[PDB]
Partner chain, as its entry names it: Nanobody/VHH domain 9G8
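As a starting point, one isolated chain is supplied in structure tokens, in the form solved without the partner chain.
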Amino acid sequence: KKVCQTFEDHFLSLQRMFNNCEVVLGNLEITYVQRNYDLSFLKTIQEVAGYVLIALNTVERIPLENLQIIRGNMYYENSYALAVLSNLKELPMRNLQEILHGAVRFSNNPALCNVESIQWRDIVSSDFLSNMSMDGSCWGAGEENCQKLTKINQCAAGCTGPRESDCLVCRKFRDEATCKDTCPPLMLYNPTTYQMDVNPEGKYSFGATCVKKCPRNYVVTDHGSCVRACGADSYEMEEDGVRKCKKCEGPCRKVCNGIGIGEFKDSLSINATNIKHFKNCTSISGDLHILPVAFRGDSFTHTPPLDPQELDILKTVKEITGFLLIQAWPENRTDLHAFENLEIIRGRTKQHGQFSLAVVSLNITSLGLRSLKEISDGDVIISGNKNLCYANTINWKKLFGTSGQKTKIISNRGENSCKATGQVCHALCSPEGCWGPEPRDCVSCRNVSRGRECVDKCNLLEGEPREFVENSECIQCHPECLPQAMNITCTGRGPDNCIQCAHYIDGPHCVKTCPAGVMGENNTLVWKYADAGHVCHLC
């Protein structure tokens, strides 16, 4: 079945996006059509995965006879699957025998005849709370077009035999011919591996049907369905032959243009008009300039002064293909907290064709560039910061990628005074360096690291989350693994890398509960119980 996602211009676009459609994955909306211009533009539609909004239609007849069912995945306003209103004389939705979710709204239709007598009881399903059908079973057009009553368990409209393999429209999904409650799972449990495994017979979900792979440009989501595009919290990534909607690692890639190229080609800095154009933005394409004109304001460019609280918009930036110039910062902030998440400064286009990181003449105590790890092309100049203390500690040669890069840290707070005022980084910090006064602002640390912050040592013997050390880092092991005082509660990651499990253990993997009711091999559910030794045994 083919699928789809001035008044003259409206009809053309509508007919274009609906002439070949047979199953609509979205909402069928026929609105604003002029007199005597509809001519079999949409007659083959048999399924709408959403709501059917036929509003303000001057045409005498909107053909929708084949329409078998409206899914109701969306609504017009609320619980509104069929929205026929303010139109239209003949609307023969004869095949319409089911509206899973939503109700039909009848309003402002004086010309609509032969539809007030329709049996909406057989179509609308359990959504009568908002059924204002107020504007003999026959949709119209004399005979032939009748309501074909059938209602007044996976077949929605009707049945053509007492078999699930033969029905008009499946209530939930249709693998290839039989009506299934859900699509074959993509993960299959195998008692031999005591865990989940990719299921070959498992098929992705394509709207109201199950497909081994989704054709055209569709992206499989986490729950097995392949929607048209990945969500806001997900990104498109193609591992195997089909791309999948992998979850974004926090704020994922949103490449915007920086200062010098694009809409900010003639802009000088990130002033108030610039701010908000960098919201939830990562991997700036261009340079990032923060000049005094931003906070002072500019009259010639007609830009109000940038209030310092809007500088947190740049907290999303994790890469800058150009350079970072901070010639002005709010004086009430002791560090560049807007660039704490910045990780790479490619420097492709550097200040004066030289500096890619330039913190100049600021009133900040620390740099606050904890996540900064790579400065590829340009060098670094941190000067004029009369209150900058933890600046020379960082081994800049580690971040640099090109051997020719240098660093011009000069005229900041003296190191002698820096250590005299008690402003020396934490002892939990490898000589590699420190970005600030706390272990969070540490390039590297003496023994371990719990994320950005690094403690004295992992919870190998005592601790609340009971970390286990690996590659000089604290990893909180599976919660299932109970704390162990004699040795280390957990050898490694996963529920199969600890000596003692607080909850039951399925084979080698400690689990909250033994696997019960999960789909297993040969399309058979598997259930497991627990013995006195907390081991999960197959039933």
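Numbering follows the first chain given and starts at 1.
The form deposited with the partner chain bound exists for this protein as well; it is not shown, and the discussion that follows is about that form.
S.K.: At 4.5 Å between heavy atoms, only one of the stretches 234-242, 89-97, 453-461, 307-315 reaches the partner chain in the deposited bound form; which one is it?
M.R.: Result of the contact check: 234-242.
S.K.: Is residue 401 close enough to touch the partner chain in the deposited bound form, meaning at least one heavy atom pair within 4.5 Å?
M.R.: It does: once the partner chain is placed as it appears in the deposited bound form, residue 401 has a heavy atom within 4.5 Å of it.
S.K.: Is residue 346 one of the residues lying within 4.5 Å of the partner chain in the deposited bound form, judged by heavy atom distances?
M.R.: Result yes; residue 346 sits at the interface with the partner chain in the deposited bound form.
S.K.: Taking the partner chain as it sits in the deposited bound form, is residue 79 near enough to touch it, meaning that at least one heavy atom pair lies within 4.5 angstroms?
M.R.: Because no heavy atom of residue 79 falls inside 4.5 Å of the partner chain in the deposited bound form, the answer is no.
S.K.: Wondering, does residue 438 line up within 4.5 Å of the partner chain in the deposited bound form on heavy atoms?
M.R.: Contact with the partner chain, no.
S.K.: Between 276-295 and the partner chain in the deposited bound form, list the residues on our side with a heavy atom within 4.5 Å.
M.R.: 282, 283, in sequence order.
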